[PDB]
Amino acid sequence: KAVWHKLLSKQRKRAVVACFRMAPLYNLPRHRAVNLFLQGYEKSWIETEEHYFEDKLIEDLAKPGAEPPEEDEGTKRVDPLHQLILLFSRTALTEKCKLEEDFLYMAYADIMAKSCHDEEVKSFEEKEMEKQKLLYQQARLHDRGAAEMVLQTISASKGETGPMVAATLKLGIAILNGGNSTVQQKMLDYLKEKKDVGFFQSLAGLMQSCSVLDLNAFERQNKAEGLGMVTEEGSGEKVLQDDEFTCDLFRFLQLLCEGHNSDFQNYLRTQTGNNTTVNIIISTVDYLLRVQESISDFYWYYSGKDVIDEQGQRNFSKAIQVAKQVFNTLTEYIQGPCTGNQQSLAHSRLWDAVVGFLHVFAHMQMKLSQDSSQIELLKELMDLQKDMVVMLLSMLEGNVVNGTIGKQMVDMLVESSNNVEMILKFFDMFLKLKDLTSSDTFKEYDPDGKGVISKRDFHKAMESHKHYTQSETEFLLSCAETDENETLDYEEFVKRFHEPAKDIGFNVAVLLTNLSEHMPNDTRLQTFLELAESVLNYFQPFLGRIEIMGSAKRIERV
Amino acid sequence: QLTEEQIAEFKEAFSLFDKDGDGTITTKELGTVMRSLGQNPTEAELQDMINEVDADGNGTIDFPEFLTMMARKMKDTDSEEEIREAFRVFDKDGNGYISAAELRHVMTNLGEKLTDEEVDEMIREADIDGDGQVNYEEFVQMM
Amino acid sequence: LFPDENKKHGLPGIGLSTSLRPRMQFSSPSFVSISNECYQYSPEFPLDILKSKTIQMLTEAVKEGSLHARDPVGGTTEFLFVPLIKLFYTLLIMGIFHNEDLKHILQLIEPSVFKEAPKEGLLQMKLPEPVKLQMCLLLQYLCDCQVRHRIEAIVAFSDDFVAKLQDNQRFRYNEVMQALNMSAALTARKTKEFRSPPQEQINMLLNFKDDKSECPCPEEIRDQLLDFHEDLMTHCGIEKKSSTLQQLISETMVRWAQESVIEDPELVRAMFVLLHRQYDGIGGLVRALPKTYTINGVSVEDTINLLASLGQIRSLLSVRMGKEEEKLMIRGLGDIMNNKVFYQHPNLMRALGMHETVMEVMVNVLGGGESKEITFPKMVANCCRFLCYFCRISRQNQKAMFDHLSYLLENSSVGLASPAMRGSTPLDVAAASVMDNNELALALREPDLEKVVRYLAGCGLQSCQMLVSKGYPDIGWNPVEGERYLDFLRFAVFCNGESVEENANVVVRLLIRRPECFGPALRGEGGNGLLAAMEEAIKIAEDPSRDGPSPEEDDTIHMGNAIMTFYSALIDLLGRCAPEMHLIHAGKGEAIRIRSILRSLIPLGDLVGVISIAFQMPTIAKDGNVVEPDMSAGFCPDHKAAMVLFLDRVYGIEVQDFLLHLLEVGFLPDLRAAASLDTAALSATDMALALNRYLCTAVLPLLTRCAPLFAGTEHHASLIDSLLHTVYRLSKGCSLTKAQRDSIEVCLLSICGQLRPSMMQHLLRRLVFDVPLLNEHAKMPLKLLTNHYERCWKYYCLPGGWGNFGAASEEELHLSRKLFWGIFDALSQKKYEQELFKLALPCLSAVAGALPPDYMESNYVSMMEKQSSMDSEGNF
Amino acid sequence: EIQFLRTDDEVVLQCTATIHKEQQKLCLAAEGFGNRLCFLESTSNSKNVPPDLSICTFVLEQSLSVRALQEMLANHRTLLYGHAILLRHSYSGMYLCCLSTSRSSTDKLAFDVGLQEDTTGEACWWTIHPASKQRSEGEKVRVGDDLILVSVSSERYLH
Ligand SMILES: [Ca+2]
Ligand SMILES: [Ca+2]
Ligand SMILES: [Ca+2]
């Protein structure tokens, strides 16, 4: 009875706690609920309501209105869009200690940026139509002086991150999208003939001000949810403060040197006319080292934990996007065998950053493949690896036999030998998976086309195939996820693993073949070659190799 | 308007959460109970939800305020309904009479170790009817 | 929204507006009067006559201008139009125009658009640029009026929409509760709607849009919103005269721009801002709705008064700081504090942004004359008090103030040195912002702490310029500033009883990086130590030459008390920064390292000695008046409170030898002193109150948590008896508050329960003479006796008793018999009190069980029992 | 062109002194047998008194990161600022450590620094930090540059 009273109390505790927790909305007074409803209605409906008017507004604003009807008896009247852009340019050119935030510029730069882009297999006619339409929409703005204004605003920013700078960068990306040669020439001529050092100083300041992953803030957020604190913002943007700003800033610099604009590529490295020179090429590789250090630290934090949480996964995704954009920017500066930028990056701190990325790729891929929940993160990481290998292949451009860049690159590979070994083992394993699943012994285990193979049948198929070791057997079993029936779909397994291996490992195979051919007498390289024989033999049918006479009047293999 | 034995049952229910015995439920005193039931609260959440019940604003609800929140809800028949709700779920046998054999089996869930034989000495005290197997009527005698 | 069934826009301005607006008050300009109230408010003017003449003159100007006469009024079109349009705009802003006057004056602007179902309006007249700008202003005002009408219609719809939604939620909740049980209702996903915070509940309810349709609201209620939203979109224009002000403005701005190259940058800016407003009508609501608030009818007058006070304070921004302006803004701030809406509606308080206005008014004063010291020091004090109270109002206000934390801590040194200003400095505003908010403490950053650490280092390195200028002795450091900079760090590191380890590790690391923040004694080079520092501070406190300036009393910063408070605050901060006990049990290297560093910084012997330091008891004089020792100058129990906190949180009491040694050296004398000050006259003394507070908040809970260590103390017999007697005397004391009495009861019950049976004979010989009275004070003794006689029942019953403990000496048995008989009689002849009878019966039963039924009382009685020495009169 | 301090290299930790208006170069010295405590030997007076570099040379075995140190506590390479190092005394074969048993040399905060045989524990490991503002954390350490070491166990500098 007394014991029963205690037993009843345990459930009675839940009742009182439940009624304390109970906070129904109807109990609230009318005005409180009405105010909360106003805020909720605002956020849910009014902000989400979207209408498209930018193209209409720009087209109406760019029309010269009734010039033959009304006679000005003066100079050719500037169109209203021209007047607006001139006002925005004059405000930036006005000498002030700081760039004051202006709502009108914030809104109209966004409108102009949307107007430029105005956004399954598209035909050639549709692609050309879209390119022509984009060129005309960009001409509508850069014919009125937007290319100069987007440079003046950056110059006046004085290396201070702000929404004004973000809008200016977005407008610059919009007008330079697709590699607009006319806009590139206009910007370069402006910079050269007014000798602007503030532009490059502000660019350097912004690139230093760009942020990276912060373990301290992320761990504080982790303690917050562990204690139970609700996320005030779903983004949680304390870590990686402005990913959009960083990506836009580096995409601007990439579109500036797109199409192999040798003049602007060289002018970024060395501003000859200006009194003071800033090395954007070196600043970019410094930021790359910073972001790779942050990514390595975040991986080290998640090394012990078996499963990656959603917050960590999203932070990895954002950091991967930032690093991918930086790698693309560095590729575009070293495209078009630009010898100066190639030498600068060779003597810079790119090599240790690539070494760090190699370790991250070697261990992160091993960790993620076992778990079947975050395959998207693995795909993004392997895309980042593909872009890194593209950057290295661009670094090898114009390299003669026994070249110094190739030698430094082989030294980099030697320094990162074990990580390269593990990456090569990964690719070799998941590329031989296709031959395993195409073997006729596995078809004899699963004669009908249902594809429902058992775990034990797959295990003995691997032994009959005999090409894999016991460690490989255990690792494929771990990376293979099946239901409680032990029934696994080898079809989805291979479509999930092999094709990614196929389309990333090609770049590694090409890089290794290039290095082997350009260094026929490097003893250390044949070790990697013999480790990658199986990958090379698999990719032999797919690797096209021709020789052409390069721009340097020397025979080059492509 | 609140019926006299209901306040008396509200007396004991108030003391079930007022461990310190002063008649004031502090946020920390309430908080330890909610961890004991499994939920993990923030201090702000507890202090926010404790403000609504506190009419005085002292930060600690006294029994007169506690009655008002108790009067807020319909405990018209929930008291004996929960008593029957337990008697139904404690009736693992389903015979309508709850045996003492599983009495030790559910009191162990809280962590008690009282001997098997002694409880049926206590159930015999509960079984003034002498059933030798406790029913709801004995549970009503218990509560 | 729409005046009639057909969805046609009404004329702007015309309509019923219920939004609260500032009151119009005017005073008659009479110079024969000798009053001064007329100086407030603006002079009266014939507004109706001015309105009629303005309408007539604008009509004449429009009709004459269209013919382009050679001679306009004033000689130029600008001279003719700009002043008249400026006066019209001023009158329109003030709101004098109403109904037909507005109709006529809008027809004078544009006949075609505003005609109600040839002459060209003002907008087609080939006007100069100033006139164009003044017309853009009028169009902006008309658009603002449209936005206000839209907001009012939205608030009108919300009234019944929320009412029906609340009724529906009541119905659904009732059905769900009939289905389920309240105890089981805590779980189950069906109850998540009702357990969610109200904002989240409304966010889930407003999911009508799109196709997801997971909201629990039914289609009948959904349709009302799915009609009102499209009506609002139509009124905003998101879906041959133009028929709309929006289209008229959109055409006019572009026409002007393509017609002429505008030279004035302001005209271009105004035209393009207005065009963007026309093309982004949804943005108007997006900006307006966060600043929209709803109040009940009863609060209207108080809201109007609060708005008037806010208007006065805001208008005083545009005037320069001065005597009368300081007086005015201080009085207005006080009015806002006294307003009830300031407490009841903090969301409106934050939406109006009064905290930003106070930010600006403090920034002006603080930046004015930094070299010549902060002038108007009362103003900074009032602003800081208002800001701290604003933080205390609501949690979101703390978040709002946390955004200005960088400026506040940069100006943390404005008025810390000056006393009587506590709670009125920017440091106090920062502390209130980051006080008891765990999320804010976590969000607090490291450089922010570094700034305070540098300030503390400077104050520990060099002296106080203001104090040495007023004549205080030039000691080598500033404790007055340090006792504030340490309090801020305490609030930053310690929150809600728990210690924020992330901030504690940073603070400890910076404090050991710069070791001169610890004070000259603890600096480490030729330092006399904490105990010697306290002794030197006591001596400098008794010395009047060095304690005061010796060339008001609240301004007098006693140097000894300042030093003692500095050291106590530093020790308290370090103890709060000490790692929690569970983390040490887990064994984290960082926690172990921090604990070891703190142990290295502060030795155990110094803490023991400082605790051993004794107070100065108040004494009664010959005349019969108690002389009060000064607490602005002297050794205070709050100083030892921090010492005990550090001892508990860093070194820890885990060994009985140390527990007993500490009890002998520092704790028991204080208990005896309280038991001696517990006399009737001395109870009300500040010393009795402060000592009781310190005891019941620090010492007694420590001995309660260290209760199990009292098990094996047989060879210390007298110490535990003295402790029990002093604690019981303190409990019998009267001045104690309810919490203090509860703490004493819990501590005594724990210690007595853990104690051996033979030791409490000396407590029984006092309890048996007090319990039979059965007064209100006898509640705790009954429970103590119940627990003891239940636990040690074998000791009395069994002839052997407890094997280790033994058996009674028959004197305990005689005392127990007397207790039993006295309790039984007193219960018999006292009036029934239910609580007293429910507590006494278990005690009586336990005593009856403990006493053997074969008990033989001895022809022994006691000789001269020292009853008088324990009787209440004189207490001895 | 410029060398870099890498693992398995023998170096001497040399500190400068400004006593009585002169720059005095001192080297950290310790001898295995007998006194384990470290002392300092003059090197600027090399022309007058021959220094004993035998007890002054140290070998840098590992340059693992702080996270690697945390992991191996829970259980050929170029030094980078912010990494944990393991200096081994060449003659004795005993690694440098913070003895954490102060001799009470006036300042009570500091501990004693000596040599310990066992490698386990966080006392032997030391974290390097860049004294130069030009140098950055993660950057490789130049052969000629200034260092400020921090003891992992005591969070104290070699002073
Ligand atoms: Ca209350
Ligand atoms: Ca049963
Ligand atoms: Ca029964």
# chains A, B, ... in the order shown; residues from 1 in each chain; ligands from 1

call {"tool": "residues_around", "arguments": {"residues": "range 69-81 of chain B", "least_positions_apart": "4", "cutoff": "7 Å", "atoms": "only C-alpha atoms", "output": "PyMOL selection string"}}
result
chain B and resi 53+65+85

call {"tool": "write_last_selection", "arguments": {"atoms": "C-alpha atoms", "output": "CSV table (one decimal), in the first residue's frame"}}
result
chain,number,residue,atom,x,y,z
B,53,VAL,CA,2.0,29.9,-12.8
B,65,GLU,CA,-1.1,29.7,-6.4
B,85,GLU,CA,-5.3,3.1,-14.8

call {"tool": "interface_residues", "arguments": {"of": "chain C", "to": "chain D", "cutoff": "12 Å", "atoms": "only C-alpha atoms", "output": "PyMOL selection string"}}
result
chain C and resi 505+508-510+512-515+518+521-529+587-603

call {"tool": "interface_residues", "arguments": {"of": "chain B", "to": "chain A", "cutoff": "10 Å", "atoms": "only C-alpha atoms", "output": "ChimeraX atom specification"}}
result
/B:13-14,16-17,30-31,33-34,36-46,49-50,52-53,69-70,72-73,79,82-83,85-87,103-104,106-110,112,114,119,122-123,125-127,138-143

call {"tool": "residues_near_ligand", "arguments": {"ligand": "ligand 3", "cutoff": "7 Å", "atoms": "only C-alpha atoms and all ligand atoms", "output": "JSON, numbers by chain"}}
result
{"B": [97, 127, 129, 130, 131, 132, 133, 134, 135, 138]}

call {"tool": "write_last_selection", "arguments": {"atoms": "C-alpha atoms", "output": "short mmCIF file (atom, residue, chain, number, x, y, z; two decimals), in the first residue's frame"}}
result
data_model
loop_
_atom_site.label_atom_id
_atom_site.label_comp_id
_atom_site.auth_asym_id
_atom_site.auth_seq_id
_atom_site.Cartn_x
_atom_site.Cartn_y
_atom_site.Cartn_z
CA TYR B 97 -7.09 -9.44 -8.95
CA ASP B 127 -6.00 -7.54 1.99
CA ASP B 129 -10.73 -8.33 2.67
CA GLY B 130 -8.31 -11.26 2.92
CA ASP B 131 -8.36 -11.98 -0.82
CA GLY B 132 -4.72 -13.06 -0.87
CA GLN B 133 -4.58 -11.29 -4.23
CA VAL B 134 -5.05 -7.53 -4.45
CA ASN B 135 -7.88 -6.05 -6.52
CA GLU B 138 -7.93 -3.20 -2.04
#

call {"tool": "residues_around", "arguments": {"residues": "range 145-156 of chain C", "least_positions_apart": "6", "cutoff": "7 Å", "atoms": "only C-alpha atoms", "output": "VMD selection string"}}
result
chain C and resid 1 12 to 13 284

call {"tool": "select_by_dssp", "arguments": {"residues": "chain D", "states": "strand (DSSP E or B)", "output": "number ranges by chain"}}
result
D: 4, 6, 10-12, 14-17, 24-29, 37, 39-42, 57-60, 78, 80, 84-85, 87-89, 95-98, 113-116, 126-127, 130, 140, 142, 147, 150-151, 157

call {"tool": "interface_residues", "arguments": {"of": "chain D", "to": "chain A", "cutoff": "9 Å", "atoms": "only C-alpha atoms", "output": "number ranges by chain"}}
result
D: 67-68, 71, 138

call {"tool": "select_by_dssp", "arguments": {"residues": "range 18-107 of chain B", "states": "helix (DSSP H, G or I)", "output": "VMD selection string"}}
result
chain B and resid 27 to 36 43 to 53 63 to 72 78 to 90 103 to 107

call {"tool": "write_last_selection", "arguments": {"atoms": "C-alpha atoms", "output": "PDB file, in the first residue's frame"}}
result
ATOM      1  CA  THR B  27      13.419  26.101 -10.202  1.00  0.00           C
ATOM      2  CA  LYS B  28      16.276  23.774  -9.243  1.00  0.00           C
ATOM      3  CA  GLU B  29      14.003  21.779  -6.927  1.00  0.00           C
ATOM      4  CA  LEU B  30      11.464  21.354  -9.733  1.00  0.00           C
ATOM      5  CA  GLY B  31      14.232  20.731 -12.271  1.00  0.00           C
ATOM      6  CA  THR B  32      15.670  17.652 -10.561  1.00  0.00           C
ATOM      7  CA  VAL B  33      12.239  16.018 -10.791  1.00  0.00           C
ATOM      8  CA  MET B  34      12.061  16.497 -14.568  1.00  0.00           C
ATOM      9  CA  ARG B  35      15.467  14.892 -15.080  1.00  0.00           C
ATOM     10  CA  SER B  36      14.215  12.013 -12.920  1.00  0.00           C
ATOM     11  CA  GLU B  43      17.313  26.605 -17.017  1.00  0.00           C
ATOM     12  CA  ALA B  44      15.601  29.291 -19.108  1.00  0.00           C
ATOM     13  CA  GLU B  45      12.785  26.931 -20.121  1.00  0.00           C
ATOM     14  CA  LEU B  46      12.117  25.994 -16.489  1.00  0.00           C
ATOM     15  CA  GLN B  47      12.262  29.620 -15.354  1.00  0.00           C
ATOM     16  CA  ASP B  48      10.037  30.722 -18.244  1.00  0.00           C
ATOM     17  CA  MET B  49       7.353  28.098 -17.549  1.00  0.00           C
ATOM     18  CA  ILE B  50       7.468  28.800 -13.807  1.00  0.00           C
ATOM     19  CA  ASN B  51       6.623  32.479 -14.356  1.00  0.00           C
ATOM     20  CA  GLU B  52       3.172  31.826 -15.830  1.00  0.00           C
ATOM     21  CA  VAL B  53       2.002  29.868 -12.779  1.00  0.00           C
ATOM     22  CA  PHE B  63       0.126  26.266  -2.470  1.00  0.00           C
ATOM     23  CA  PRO B  64      -2.610  28.942  -2.935  1.00  0.00           C
ATOM     24  CA  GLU B  65      -1.114  29.660  -6.360  1.00  0.00           C
ATOM     25  CA  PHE B  66      -0.646  25.909  -6.808  1.00  0.00           C
ATOM     26  CA  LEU B  67      -4.391  25.405  -6.283  1.00  0.00           C
ATOM     27  CA  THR B  68      -5.202  27.915  -9.030  1.00  0.00           C
ATOM     28  CA  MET B  69      -3.183  25.952 -11.578  1.00  0.00           C
ATOM     29  CA  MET B  70      -4.738  22.768 -10.219  1.00  0.00           C
ATOM     30  CA  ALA B  71      -8.154  24.396 -10.657  1.00  0.00           C
ATOM     31  CA  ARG B  72      -7.142  25.387 -14.197  1.00  0.00           C
ATOM     32  CA  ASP B  78      -8.778  11.826 -13.298  1.00  0.00           C
ATOM     33  CA  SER B  79      -7.787  10.960  -9.720  1.00  0.00           C
ATOM     34  CA  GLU B  80      -9.581   7.617  -9.412  1.00  0.00           C
ATOM     35  CA  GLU B  81      -9.211   7.073 -13.165  1.00  0.00           C
ATOM     36  CA  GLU B  82      -5.433   7.089 -12.732  1.00  0.00           C
ATOM     37  CA  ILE B  83      -5.898   4.820  -9.707  1.00  0.00           C
ATOM     38  CA  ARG B  84      -7.820   2.427 -11.944  1.00  0.00           C
ATOM     39  CA  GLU B  85      -5.327   3.076 -14.752  1.00  0.00           C
ATOM     40  CA  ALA B  86      -2.553   1.725 -12.525  1.00  0.00           C
ATOM     41  CA  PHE B  87      -4.690  -1.186 -11.301  1.00  0.00           C
ATOM     42  CA  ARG B  88      -5.306  -2.165 -14.932  1.00  0.00           C
ATOM     43  CA  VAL B  89      -1.619  -2.037 -15.891  1.00  0.00           C
ATOM     44  CA  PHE B  90      -0.397  -3.604 -12.648  1.00  0.00           C
ATOM     45  CA  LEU B 103       4.352  -6.637  -6.860  1.00  0.00           C
ATOM     46  CA  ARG B 104       8.082  -7.096  -6.237  1.00  0.00           C
ATOM     47  CA  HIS B 105       8.487  -7.114 -10.020  1.00  0.00           C
ATOM     48  CA  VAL B 106       7.286  -3.539 -10.606  1.00  0.00           C
ATOM     49  CA  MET B 107       8.681  -1.963  -7.403  1.00  0.00           C
TER      50      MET B 107
END

call {"tool": "residues_near_ligand", "arguments": {"ligand": "ligand 2", "cutoff": "7 Å", "atoms": "only C-alpha atoms and all ligand atoms", "output": "list in words"}}
result
residues 90, 91, 92, 93, 94, 95, 96, 97, 98 and 99 of chain B

call {"tool": "interface_residues", "arguments": {"of": "chain A", "to": "chain C", "cutoff": "7 Å", "atoms": "only C-alpha atoms", "output": "short mmCIF file (atom, residue, chain, number, x, y, z; two decimals) with N, CA and C atoms, in the first residue's frame"}}
result
data_model
loop_
_atom_site.label_atom_id
_atom_site.label_comp_id
_atom_site.auth_asym_id
_atom_site.auth_seq_id
_atom_site.Cartn_x
_atom_site.Cartn_y
_atom_site.Cartn_z
N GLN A 11 4.30 7.75 -11.53
CA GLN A 11 3.51 8.19 -12.67
C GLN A 11 2.79 9.50 -12.36
N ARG A 12 2.52 9.77 -11.08
CA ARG A 12 1.91 11.04 -10.71
C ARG A 12 2.88 12.20 -10.93
N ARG A 14 4.77 12.48 -13.45
CA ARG A 14 4.62 12.84 -14.86
C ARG A 14 3.40 13.73 -15.08
N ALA A 15 2.33 13.49 -14.32
CA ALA A 15 1.10 14.27 -14.51
C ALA A 15 1.31 15.74 -14.15
N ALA A 18 3.58 17.25 -16.62
CA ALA A 18 2.87 17.43 -17.88
C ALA A 18 1.99 18.67 -17.85
N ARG A 21 4.07 21.72 -18.00
CA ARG A 21 4.58 21.89 -19.36
C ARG A 21 3.48 22.43 -20.27
N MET A 22 2.24 22.03 -20.02
CA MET A 22 1.11 22.45 -20.84
C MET A 22 1.01 23.97 -20.89
N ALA A 23 1.18 24.52 -22.09
CA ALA A 23 1.00 25.96 -22.32
C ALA A 23 0.15 26.17 -23.57
N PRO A 24 -1.14 25.85 -23.51
CA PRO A 24 -1.99 26.02 -24.70
C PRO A 24 -2.14 27.49 -25.07
N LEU A 25 -2.31 27.73 -26.36
CA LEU A 25 -2.33 29.10 -26.87
C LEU A 25 -3.61 29.83 -26.49
N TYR A 26 -4.72 29.11 -26.35
CA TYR A 26 -6.01 29.76 -26.10
C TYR A 26 -6.03 30.46 -24.75
N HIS A 31 -4.57 40.13 -27.27
CA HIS A 31 -3.55 40.98 -27.87
C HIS A 31 -2.21 40.27 -28.00
N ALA A 33 -1.68 36.98 -28.37
CA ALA A 33 -1.81 36.02 -29.47
C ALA A 33 -1.86 36.74 -30.81
N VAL A 34 -2.49 37.92 -30.85
CA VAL A 34 -2.58 38.67 -32.10
C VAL A 34 -1.21 39.17 -32.53
N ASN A 35 -0.41 39.66 -31.58
CA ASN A 35 0.95 40.10 -31.92
C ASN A 35 1.80 38.93 -32.40
N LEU A 36 1.73 37.79 -31.70
CA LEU A 36 2.48 36.62 -32.13
C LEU A 36 2.03 36.16 -33.51
N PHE A 37 0.72 36.22 -33.77
CA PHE A 37 0.20 35.88 -35.09
C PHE A 37 0.70 36.84 -36.15
N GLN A 39 3.58 38.47 -36.18
CA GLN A 39 4.96 38.10 -36.48
C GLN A 39 5.03 36.81 -37.30
N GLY A 40 4.25 35.80 -36.91
CA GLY A 40 4.27 34.54 -37.63
C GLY A 40 3.77 34.68 -39.06
N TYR A 41 2.68 35.44 -39.24
CA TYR A 41 2.16 35.71 -40.58
C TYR A 41 3.19 36.42 -41.43
N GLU A 42 3.83 37.46 -40.88
CA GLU A 42 4.90 38.14 -41.60
C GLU A 42 5.92 37.13 -42.11
N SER A 44 6.00 33.85 -42.30
CA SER A 44 5.59 32.68 -43.08
C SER A 44 5.09 33.06 -44.46
N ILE A 46 4.55 36.86 -45.84
CA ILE A 46 4.89 38.11 -46.52
C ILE A 46 6.32 38.04 -47.04
N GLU A 47 7.24 37.54 -46.22
CA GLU A 47 8.62 37.39 -46.66
C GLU A 47 8.74 36.34 -47.76
N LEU A 61 13.40 51.02 -67.70
CA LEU A 61 14.32 52.08 -67.28
C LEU A 61 15.41 52.35 -68.30
N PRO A 64 15.36 54.92 -74.04
CA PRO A 64 15.39 56.37 -74.28
C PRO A 64 14.00 56.86 -74.66
N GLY A 65 13.44 57.73 -73.82
CA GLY A 65 12.04 58.07 -73.95
C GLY A 65 11.72 59.28 -74.81
N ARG A 77 20.53 62.95 -74.37
CA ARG A 77 20.04 62.68 -73.02
C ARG A 77 20.43 61.28 -72.58
N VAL A 78 20.96 61.18 -71.36
CA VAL A 78 21.30 59.89 -70.79
C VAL A 78 20.03 59.21 -70.29
N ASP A 79 19.93 57.90 -70.54
CA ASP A 79 18.76 57.15 -70.13
C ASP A 79 18.70 57.05 -68.60
N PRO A 80 17.50 56.81 -68.05
CA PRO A 80 17.37 56.78 -66.58
C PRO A 80 18.28 55.76 -65.90
N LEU A 87 24.87 58.17 -60.72
CA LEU A 87 24.72 58.59 -59.33
C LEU A 87 25.43 57.63 -58.39
N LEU A 104 19.25 52.23 -51.17
CA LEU A 104 18.95 52.35 -52.59
C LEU A 104 19.93 51.54 -53.43
N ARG A 220 30.90 25.24 -28.76
CA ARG A 220 29.95 25.97 -27.92
C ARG A 220 28.52 25.69 -28.35
#

call {"tool": "residues_near_ligand", "arguments": {"ligand": "ligand 1", "cutoff": "6 Å", "atoms": "only C-alpha atoms and all ligand atoms", "output": "MDAnalysis selection string"}}
result
chainID B and resid 54:58 60:61

call {"tool": "write_last_selection", "arguments": {"atoms": "C-alpha atoms", "output": "mmCIF file, in the first residue's frame"}}
result
data_model
loop_
_atom_site.group_PDB
_atom_site.id
_atom_site.type_symbol
_atom_site.label_atom_id
_atom_site.label_comp_id
_atom_site.auth_asym_id
_atom_site.auth_seq_id
_atom_site.Cartn_x
_atom_site.Cartn_y
_atom_site.Cartn_z
ATOM 1 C CA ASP B 54 3.501 32.448 -10.371
ATOM 2 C CA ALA B 55 0.792 35.056 -9.885
ATOM 3 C CA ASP B 56 2.683 36.800 -7.070
ATOM 4 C CA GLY B 57 5.932 37.034 -9.029
ATOM 5 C CA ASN B 58 8.145 35.855 -6.161
ATOM 6 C CA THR B 60 8.342 30.314 -6.217
ATOM 7 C CA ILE B 61 4.738 29.123 -6.398
#

call {"tool": "decode", "arguments": {"residues": "range 265-291 of chain A", "atoms": "C-alpha atoms", "output": "short mmCIF file (atom, residue, chain, number, x, y, z; two decimals), in the first residue's frame"}}
result
data_model
loop_
_atom_site.label_atom_id
_atom_site.label_comp_id
_atom_site.auth_asym_id
_atom_site.auth_seq_id
_atom_site.Cartn_x
_atom_site.Cartn_y
_atom_site.Cartn_z
CA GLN A 265 46.00 37.31 -65.14
CA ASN A 266 49.42 38.99 -65.21
CA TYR A 267 48.04 42.30 -63.91
CA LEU A 268 46.61 40.58 -60.82
CA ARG A 269 50.05 39.20 -59.94
CA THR A 270 51.96 42.40 -60.76
CA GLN A 271 50.33 45.82 -61.17
CA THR A 272 53.10 47.38 -63.24
CA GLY A 273 51.67 50.89 -63.56
CA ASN A 274 50.68 51.28 -59.91
CA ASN A 275 53.18 52.53 -57.34
CA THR A 276 52.36 49.68 -54.94
CA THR A 277 51.78 46.05 -55.92
CA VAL A 278 49.66 43.42 -54.17
CA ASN A 279 49.94 39.69 -54.92
CA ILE A 280 46.37 38.37 -55.13
CA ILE A 281 47.78 35.03 -56.32
CA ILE A 282 49.70 34.60 -53.05
CA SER A 283 46.78 35.89 -50.96
CA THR A 284 44.49 33.27 -52.51
CA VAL A 285 46.86 30.41 -51.68
CA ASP A 286 47.20 31.79 -48.15
CA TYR A 287 43.42 31.62 -47.75
CA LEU A 288 43.52 28.10 -49.17
CA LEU A 289 46.00 27.08 -46.45
CA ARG A 290 43.78 28.67 -43.80
CA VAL A 291 40.64 26.86 -44.99
#
